[PDB]
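Novice: Protein chains in written order, with the authors' numbering: chain S, 2 to 171; chain O, 3 to 199; chain f, 2 to 107; chain E, 60 to 109, 125 to 176; chain M, 2 to 138.
Ideal Cβ placement from N, Cα and C applies to all residues, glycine included.
The structure is given below, and queries will be raised subsequently.
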Amino acid sequence: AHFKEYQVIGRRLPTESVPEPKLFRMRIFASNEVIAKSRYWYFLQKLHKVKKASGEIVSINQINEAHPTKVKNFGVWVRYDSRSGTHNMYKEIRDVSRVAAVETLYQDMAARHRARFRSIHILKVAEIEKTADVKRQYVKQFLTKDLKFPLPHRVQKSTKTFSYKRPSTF
Amino acid sequence: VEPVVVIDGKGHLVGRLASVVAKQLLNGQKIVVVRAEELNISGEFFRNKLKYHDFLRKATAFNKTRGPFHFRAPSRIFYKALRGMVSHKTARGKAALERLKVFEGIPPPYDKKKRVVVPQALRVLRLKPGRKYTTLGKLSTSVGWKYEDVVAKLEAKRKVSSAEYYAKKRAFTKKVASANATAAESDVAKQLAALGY
Amino acid sequence: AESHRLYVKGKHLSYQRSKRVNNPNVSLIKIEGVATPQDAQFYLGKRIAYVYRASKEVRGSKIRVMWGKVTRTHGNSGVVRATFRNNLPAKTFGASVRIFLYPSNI
Amino acid sequence: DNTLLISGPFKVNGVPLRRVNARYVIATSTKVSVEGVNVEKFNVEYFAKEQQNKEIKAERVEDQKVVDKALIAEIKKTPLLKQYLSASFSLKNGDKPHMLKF
Amino acid sequence: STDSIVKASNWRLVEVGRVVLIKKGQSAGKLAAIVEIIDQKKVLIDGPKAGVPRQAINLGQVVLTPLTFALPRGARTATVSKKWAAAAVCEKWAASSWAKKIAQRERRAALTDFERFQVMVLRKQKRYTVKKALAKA
RNA sequence: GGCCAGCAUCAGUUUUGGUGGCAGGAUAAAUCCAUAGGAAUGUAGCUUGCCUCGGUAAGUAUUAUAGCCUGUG
RNA sequence: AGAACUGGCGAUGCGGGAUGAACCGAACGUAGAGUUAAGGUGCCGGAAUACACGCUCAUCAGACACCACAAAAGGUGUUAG
RNA sequence: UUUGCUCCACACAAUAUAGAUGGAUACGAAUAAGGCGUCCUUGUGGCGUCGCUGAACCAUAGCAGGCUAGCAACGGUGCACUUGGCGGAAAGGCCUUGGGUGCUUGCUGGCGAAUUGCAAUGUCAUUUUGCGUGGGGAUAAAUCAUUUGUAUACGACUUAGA
């Protein structure tokens with residue numbers, strides 16, 4: 002769905018003789034609130050020895066985009082599970098917001114490398130501030146000055162089943 | 003919206019045309035399809051020949067007469083692809099195929115009337131550019147239709163007769179548009195413009 | 002003068018049906034010139050009549066009429082359900098059926 | 060009794076005074092003034108009917139003339155309004171009544 | 002006559018400042034100016050005078066209009082609004098024939114039945130003068 | 001007082017619209033306006049192979065005869 | 001060929017898998033309106049030739065669990081790493 | 001065959017309908033291209049202009065469309081006629097010349113409409129016949145029985161006979 006980027010904060014358990022466990026925050030991409038709490042324990046159990054019954058979640062926050070109408074180049078580090086063993090991948094997306102860029106990534110992974118939602122891990126999504134350090138080629142070609150490209154051979158969608166005009170393109 | 007609708011067959015795909023025709027026949031509209039020999043099939047030529055040959059060998063072993071009749075004419079090829087879509091064994095399917103008439107070329111009286119096209123079945127709107135297609139008129143010549151040297155000759159006779167009509171029609175519209183232009187600026191013309199005509 | 006039509010013509014498509022089972026009590030009616038169900042909200046509750054001819058005259062007329070009405074919308078293409086008093090004879094798949102304009106909501 | 064009371068006028072288009080059901084009627088937008096018209100004496104009991127082809131009581135015909143004489147003078151002010159009421163209505167081809175503003 | 006007659010094949014091509022028309026969506030028939038092209042199929046549009054909010058759109062939902070004007074790449078809404086007035090494209094749009102055709106079928110839908118009668122009586126009068134002017138010359 | 005119907009005002013169930021008032025969050029985020037920095041896919045200006053009546057040239061030059069980014073308010 | 005726990009068929013229709021004792025939904029008085037399950041929406045065939053990002057050209061392409069097909073290993077064919 | 005048959009217009013019965021209810025309204029080609037307009041040095045020319053849907057165009061007022069008085073035009077259209085062409089793919093139609101006759105809402109008037117009672121398709125088409133009116137027109141073959149053997153299980157086939 003429309004992903005929403007969430008901050009989840011976790012505090013293991015207040016016990017006698019160990020007060021104040023430190024605190025643990027993460028940034029989670031999930032389609033709603035309830036998945037992001039469950040996606041939180043999926044990673045945080047891998048990092049150190051906790052459980053959901055030995056845990057509680059402090060607070061959740063919805064992180065909006067800082068600047069939607071600005072156009073950003075994004076470099077995304079991705080770890081994912083293949084049919085063979087897992088291996089890393091670095092990909093670059095040009096998009097409008099952070100949370101819309103992950104939308105175009107999962108579609109890109111499912112198209113080319115046939116990876117569903119459960120196999121992919123999102124390592125770090127970063128904005129590349131300066132230009133001319135863009136590594137990939139297919140992102141780089143839009144950075145040329147005075148870029149103008151035509152859209153030839155446009156089709157037309159007409160509601161009536163019969164048209165009399167012998168219809169023509171552009 | 004009209005009693006009998008005449009579909010021009012040129013530049014369409016076999017399947018995507020026959021789908022939208024078969025729904026109109028079951029809804030009661032009468033459709034007559036002309037210029038069948040200009041119909042197109044997606045995919046390259048050598049494919050669609052072999053899709054015909056593996057069909058061509060399928061016939062009843064103990065008596066070849068009783069088997070699938072392999073028709074060759076481009077109207078008959080197209081009428082096949084439509085016949086599989088209508089439920090032709092019931093009484094509803096027999097009365098739905100009596101509303102259909104498919105011809106090679108344009109025979110009289112259908113040359114005097116308007117021909118139409120179907121935008122969701124045009125080749126030039128459907129396929130991507132740089133993609134091989136196949137002309138059905140060449141295809142039936144490769145599997146035994148001994149009439150492409152005749153139907154194409156009658157079209158060259160027709161189009162000369164049709165070009166004389168259009169020049170007479172275009173000069174008459176020139177007189178009307180000139181008469182309509184000088185009829186403008188009158189008080190009856192300006193009141194129409196306010197109302198939008 | 003040349004025209005007298007005070008109704009919107011429409012075809013009888015089919016019965017309400019599953020893949021193998023139909024329900025003859027609900028009829029499906031296509032209305033000409035109607036694309037979307039937001040336009041189909043206009044014709045809800047309008048009166049429908051199927052007009053046909055027969056040889057034997059009943060009460061001075063060879064012409065006979067079944068009545069009915071529109072109940073609800075159907076599908077995304079503006080197809081329209083309909084219920085009659087006595088259901089349509091199922092020889093009428095693809096037959097012109099009249100949709101009148103009364104009862105007028107305007 | 061929930062009916063509407065309408066007049067043609069009788070001279071314009073041949074429609075006399077008549078009770079008409081409100082639901083069987085499309086209402087347009089164009090209006091004429093009705094202030095000068097006497098109508099009030101008409102009620103449900105007036106139209107109760109309770125080979126001969128007897129002529130419409132003389133009470134019926136005289137009331138028709140009095141109502142219309144006040145009403146024609148209202149019609150004559152706007153252009154084409156006498157011609158508009160006289161001609162009938164039909165649905166031509168390509169007239170889609172849900173889109174048609176009446 | 003030693004010249005190369007090679008055709009041009011003129012095209013409306015996307016750029017910064019190509020004003021467009023949004024056919025479907027929330028906006029539904031409003032003008033807007035492309036601010037920055039994102040990739041092959043998405044752009045970033047804004048029209049402040051018409052009323053469309055600044056948003057990213059797919060190129061499927063938009064149609065290209067031949068009018069252009071000078072505007073820097075990546076401009077904000079205040080800067081597009083100032084360049085919009087200097088070109089005066091809202092006056093240049095209605096001069097085009099394609100804007101008049103939009104307004105005409107809008108007016109023909111709003112015609113009252115009495116006005117639909119007045120359209121009839123005038124066209125009966127207009128065809129009388131034409132058929133006299135025709136069939137003499 | 002049989003038969004088939006039409007319209008009103010209600011009751012039970014239910015679908016499809018319009019439209020008004022309020023609550024919460026980074027007391028939404030942005031756009032918008034005020035300032036402080038900074039860069040280029042480098043605007044004005046300027047140097048120069050330059051010079052088809054002045055385009056190009058590729059350097060300079062951080063808002064001027066275009067504007068954008070980041071922080072704060 | 002012989003066992004273990006639970007469900008089912010046998011005794012049981014109905015909707016879906018074209019077809020099917022065992023799979024999927026769901027278990028049956030006679031009827032009317034309403035919404036859904038599993039499954040599906042080019043046409044047969046009721047229902048979007050709906051929207052959105054990509055990939056793939058096959059001189060035997062491919063199309064949906066149970067299920068009616070396939071192996072290693074090769075291929076400057078193409079794509080992303 | 002007790003005057004049979006054929007065609008032309010009408011008179012009335014009979015019988016049907018896969019489904020009339022303003023109008024099936026004619027270039028071809030290309031789609032990384034064209035339609036139209038105009039000019040020239042007529043060409044793969046110059047220039048202007050349009051598309052981005054038929055949501056168009058055309059037709060459309062009167063008792064299911066009456067009876068009448070004008071005005072300006074010399075038009076439009078219905079009808080039988082007629083002078084000519086043209087069309088063979090399933091021509092079975094498309095034009096055009098000339099008068100004749102009604103109509104005209106291009107413009108302005110005067111009369112008529114009710115009672116079908118608050119809606120009940122409120123019937124107006126197009127197919128096959130049948131039976132009589134009056135108006136033309138044309139006066140035949142096949143099988144069986146008989147016979148031939150180029151034929152043949154029997155039918156069939158091929159022959160001959162006023």
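Just the C-alpha distance for M:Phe70 and M:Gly18, rounded to the nearest angstrom, thanks.
Specialist: In the fifth sequence, the residue the question calls residue 70 of chain M occupies position 69. In the fifth sequence, the residue the question calls residue 18 of chain M occupies position 17. Each residue's alpha carbon lies about 6 Å from the other.
Novice: On the criterion of 16 or more Cβ atoms from any shown chain inside 10 Å, does O:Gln26 qualify as buried, or is it exposed?
Specialist: The sequence position of residue 26 of chain O within the second sequence is 24, counting from 1. Per the 10 Å Cβ criterion, buried.
Novice: Locate the beta strand (DSSP E) running through O:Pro110, then write down its first and last residues.
Specialist: Counting from 1 along the second sequence, the entry for residue 110 of chain O is found at position 108. No beta strand (DSSP E) contains O:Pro110, which DSSP labels as neither H nor E.
Novice: Leaving out five residues on either side along the sequence, give the residues of the same chain with a beta carbon under 8 Å from the beta carbon of E:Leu165.
Specialist: Taking the fourth sequence and counting its residues from 1, one reaches residue 165 of chain E at position 91. Result list for E:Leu165: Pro171, in chain order.
Novice: Got a sec: is the Cβ-Cβ distance from E:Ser92 to anything in chain M below 8 Å?
Specialist: The count along the fourth sequence starts at 1 and reaches residue 92 of chain E at position 33. So, not an interface residue.
Novice: Can you tell me the Cα-Cα spacing of residue 216 of chain O and f:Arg6, whole angstroms?
Specialist: The structure shown does not extend to residue 216 of chain O, since chain O is modelled only from 3 through 199, so no value can be given for it.
Novice: For f:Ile100, verify whether its CB is less than 7 Å away from any heavy atom of the ligand SAH.
Specialist: Looking at this structure, you won't find the ligand SAH or any other ligand, since it has none at all.
Novice: Determine the extent of the alpha helix (DSSP H) in which f:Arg73 is found, giving its start and end residues.
Specialist: Looking up residue 73 of chain f in the third sequence gives position 72. From DSSP, f:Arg73 is part of no alpha helix (DSSP H) but of the beta strand (DSSP E) over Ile64 to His75.
Novice: Which one or two residues does DSSP pair with O:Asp10 in a beta bridge?
Specialist: Residue 10 of chain O sits at position 8 when you count from the first residue of the second sequence. According to DSSP, which records beta bridges pairwise, O:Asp10 is partnered with O:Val36.
Novice: Look up O:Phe48 in the DSSP assignment and say whether it is helix, strand or coil.
Specialist: Position 46 of the second sequence, counted from the first residue, corresponds to residue 48 of chain O. The answer is helix: DSSP assigns O:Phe48 an H, G or I state.
Novice: Just mark f:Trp68 as buried or exposed, buried being the case when its beta carbon has 16 or more other beta carbons within 10 Å.
Specialist: Working through the third sequence from its first residue, we reach residue 68 of chain f at position 67. Under this definition f:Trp68 is an exposed residue.
Novice: Tell me the start and end of each unbroken alpha helix (DSSP H) in the region 28-116 of chain S that is at least 4 residues and wholly inside, in chain order.
Specialist: Entirely contained in the region 28-116 of chain S, the alpha helix (DSSP H) runs reaching 4 residues are, in chain order, 34-48 and 99-113.
Novice: Below 8 Å between beta carbons: does that hold for M:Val20 and M:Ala34?
Specialist: Working through the fifth sequence from its first residue, we reach residue 20 of chain M at position 19. Working through the fifth sequence from its first residue, we reach residue 34 of chain M at position 33. Yes, these two residues count as a Cβ contact at 8 Å.
Novice: Taking Cβ to Cβ, would you say O:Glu106 is nearer than 8 Å to O:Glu4?
Specialist: If you number the second sequence from 1, residue 106 of chain O lands on position 104. If you number the second sequence from 1, residue 4 of chain O lands on position 2. Cβ atoms of O:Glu106 and O:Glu4: not closer than 8 Å.
Novice: Pair every Cβ in the region 63-83 of chain S with every Cβ in the region 127-134 of chain S, then say whether three or more of these pairs are closer than 8 Å.
Specialist: Yes, they touch.
Novice: Thinking f:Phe101 and f:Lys47 are a contact (beta carbons under 8 Å), I'd like their distance in whole angstroms, please.
Specialist: Counting from one through the third sequence, the residue named residue 101 of chain f turns up at place 100. Counting from one through the third sequence, the residue named residue 47 of chain f turns up at place 46. Contact holds; Cβ gap of about 6 Å.
Novice: Can you look up f:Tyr16 in the DSSP assignment and give me helix, strand or coil?
Specialist: Taking the first residue of the third sequence as 1, we reach residue 16 of chain f at position 15. Three-state DSSP puts f:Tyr16 in a strand.
Novice: Counting only the same chain and skipping the five closest in sequence on each side, list residues whose C-beta sits under 8 Å from that of O:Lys51.
Specialist: Here residue 51 of chain O refers to the residue found at position 49 of the second sequence. Cβ neighbours of O:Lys51 beyond the five flanking positions: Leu141, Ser144 and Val145.
Novice: Less than 8 Å between CB atoms is the rule here; does O:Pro5 satisfy it with respect to chain S?
Specialist: Taking the second sequence and counting its residues from 1, one reaches residue 5 of chain O at position 3. Not one chain S Cβ lies under 8 Å of O:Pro5.
Novice: Identify every residue that forms a DSSP beta bridge with E:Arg77.
Specialist: For the purposes of this step, residue 77 of chain E is taken as residue 18 along the fourth sequence, with counting starting at 1. In the DSSP output, where bridge partners are listed per residue, E:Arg77 has E:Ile65.
Novice: Residue 277 of chain O lies in the beta strand (DSSP E); which residues open and close that run?
Specialist: Because chain O here runs from 3 to 199, residue 277 of chain O falls outside it and cannot be looked at.
Novice: Please confirm if O:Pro76 has its CB atom under 8 Å from at least one CB of chain S.
Specialist: Within the second sequence, the letter at position 74 stands for residue 76 of chain O. Chain S contact via Cβ: absent.
Novice: In or out: O:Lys134 buried (at least 16 other Cβ within 10 Å) or exposed?
Specialist: By one-based count along the second sequence, residue 134 of chain O stands at place 132. O:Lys134 comes out exposed.
Novice: How far does the beta strand (DSSP E) with M:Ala95 in it reach, from first residue to last?
Specialist: Stepping through the fifth sequence from its first residue, residue 95 of chain M is reached at position 94. Premise fails: M:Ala95 lies in the alpha helix (DSSP H), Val90 to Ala96, not in any beta strand (DSSP E).
Novice: When the Cβ atoms of the region 8-19 of chain O are set against those of the region 40-48 of chain M, are three or more pairs found closer than 8 Å?
Specialist: Flag = no, the region 8-19 of chain O and the region 40-48 of chain M do not touch.
Novice: In chain order, what residues of the same chain lie with their CB nearer than 8 Å to the CB of M:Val90, ignoring the 5 residues before and after it?
Specialist: As a working mapping, residue 90 of chain M is identified with position 89 in the fifth sequence. For M:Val90, where only same-chain residues beyond five positions count, the Cβ hits under 8 Å are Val20, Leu32, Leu68 and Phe70.
Novice: Where DSSP assigns a beta bridge to M:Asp47, which residues make up the other side?
Specialist: Indexing the fifth sequence from 1 puts residue 47 of chain M at position 46. Looking at the DSSP assignment, M:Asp47 forms a beta bridge with M:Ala34.
Novice: I need the straight-line Cα distance from S:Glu21 to S:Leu48, nearest angstrom please.
Specialist: By one-based count along the first sequence, residue 21 of chain S stands at place 20. By one-based count along the first sequence, residue 48 of chain S stands at place 47. Cα-Cα distance, rounded: 19 Å.
Novice: By the criterion of Cβ-Cβ separation under 8 Å, what are the contact partners of M:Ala134 in chain E?
Specialist: Here residue 134 of chain M is taken as the residue at index 133 of the fifth sequence, counted from 1. Result: empty, since nearest Cβ-Cβ is about 26 Å, beyond 8 Å.
Novice: Quick one: grab the DSSP three-state call for M:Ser28.
Specialist: Counted from its first residue, the fifth sequence places residue 28 of chain M at position 27. The answer is coil: DSSP assigns M:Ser28 none of H, G, I, E or B.
Novice: Considering only their Cβ atoms, is the gap separating M:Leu112 from E:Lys150 smaller than 8 Å?
Specialist: Position 76 of the fourth sequence, counting from 1, holds the residue named residue 150 of chain E. Position 111 of the fifth sequence, counting from 1, holds the residue named residue 112 of chain M. Result no, Cβ atoms of E:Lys150 and M:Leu112 do not sit closer than 8 Å.
Novice: Out of curiosity, what's the CA-to-CA distance linking O:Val190 and M:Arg117?
Specialist: To locate residue 190 of chain O, count along the second sequence from 1; it is residue 188. To locate residue 117 of chain M, count along the fifth sequence from 1; it is residue 116. O:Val190 and M:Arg117: Cα-Cα distance of roughly 15 Å.
Novice: Can you tell which of S:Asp109, S:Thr105 and S:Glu57 has its C-alpha closest to the C-alpha of S:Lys23?
Specialist: Within the first sequence, the letter at position 22 stands for residue 23 of chain S. The option with the nearest alpha carbon to S:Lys23 is S:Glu57.
Novice: Taking Cβ to Cβ, would you say f:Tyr8 is nearer than 8 Å to f:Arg65?
Specialist: Position 7 of the third sequence, counted from the start, is the residue given in the question as residue 8 of chain f. Position 64 of the third sequence, counted from the start, is the residue given in the question as residue 65 of chain f. No, the Cβ-Cβ distance between f:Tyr8 and f:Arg65 is not below 8 Å.
Novice: Taking the beta strand (DSSP E) that M:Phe118 falls in, what are its first and last residues?
Specialist: Translated into the one-based positions of the fifth sequence, residue 118 of chain M becomes position 117. Run containing M:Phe118: none in the beta strand (DSSP E); it sits in the alpha helix (DSSP H), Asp114 to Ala134.
Novice: Any beta-carbon of chain E closer than 8 Å to the one on M:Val131?
Specialist: As a first step, residue 131 of chain M is located in the fifth sequence; it is residue number 130 there, counting from the start. It does not: the Cβ of M:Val131 has no partner Cβ on chain E nearer than 8 Å.
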